[PDB]
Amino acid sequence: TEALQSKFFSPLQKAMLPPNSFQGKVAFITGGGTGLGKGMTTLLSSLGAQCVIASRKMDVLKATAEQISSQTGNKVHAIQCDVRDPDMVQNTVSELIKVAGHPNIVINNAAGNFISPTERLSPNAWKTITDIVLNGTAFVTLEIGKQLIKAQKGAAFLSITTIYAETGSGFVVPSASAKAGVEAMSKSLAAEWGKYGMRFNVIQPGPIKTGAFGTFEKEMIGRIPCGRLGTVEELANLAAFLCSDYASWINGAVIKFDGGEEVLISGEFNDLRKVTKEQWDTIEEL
């Protein structure tokens, strides 16, 4: 059964958009030094965007910024920023505008998470997650938005959440709550700031080869109809699409990128997929 999934759901890990389509465009990406943020930056730069990446670890940031800069031939700028601090965010936005200009693409990708029984969390642990995910995305959006309105310019905004932002989930509760907050913000500002030329969309990723929580991966895939984890390149292509001018009428959308995981686990009778064809013949007799 995995031969059908491998042949018909095989990943296409190369650029989807036309060459140089992001030339003249400036992108700002929180968490752009690692994992998903890095892949989005990698693609946007390769397609001609001037990228600006921000997070806490300047060492990883600079290394990644230089690595992509030489790989694509387009300059990637690194700026140190803790998104939960409004003054640092203010500085980062100001520096973004000086070294690159007002952004056409804003990607809120920075996150933190604990996997834990909720009863083992301290108030500070809870607050930490809310600060990075919700308030951090809020501060970045508030400041850039304020500058864009000031400069009579618009932009595409993108927030990366999770499939559990919409459903909730035990064991990742502060994240689930913060991420749900991030989605509500996108929907709110898609409505409010459309008049300013700003649009807001969301990707809800399932487990991507970077999941979280050798035998565990095999178990995870059993809950994924597409029979595999996602890839950073595939996610980047989706992100680039939503941040591109081809999607200029996509606003307030929320797109699952999960190989079908959410629809599988959420469906009441989907546990019946374990039933074999011979067993079904017996049940259909009654």
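Start at 1 with the first residue shown and count on from there.
Going from residue 213 to residue 214, you skip over 4 to 9 residues of the deposited sequence that the entry leaves unmodelled. In this entry, residue 210 is separated from residue 211 by 1 to 3 residues of the deposited sequence that have no coordinates.
Once the C-alpha B-factors are averaged per stretch, 125-133 and 89-97 rank with 89-97 first. Per the PDB record, of the two stretches 57-65 and 225-233, 57-65 carries the greater mean B-factor over its C-alpha atoms. Per the deposited coordinates, the residue with the largest Cα temperature factor out of 30, 244, 70, 251 is 70. For residue 152, the recorded CA temperature factor ranks within the middle third of the chain's modelled residues. Among the modelled residues of its chain, residue 187 has a C-alpha B-factor that falls in the lowest third, as given in the PDB entry.
Ranked by C-alpha B-factor against the other modelled residues of its chain, residue 256 falls in the lowest third. Residue 78: CA B factor in the highest third of modelled residues in this chain (values from the PDB entry).
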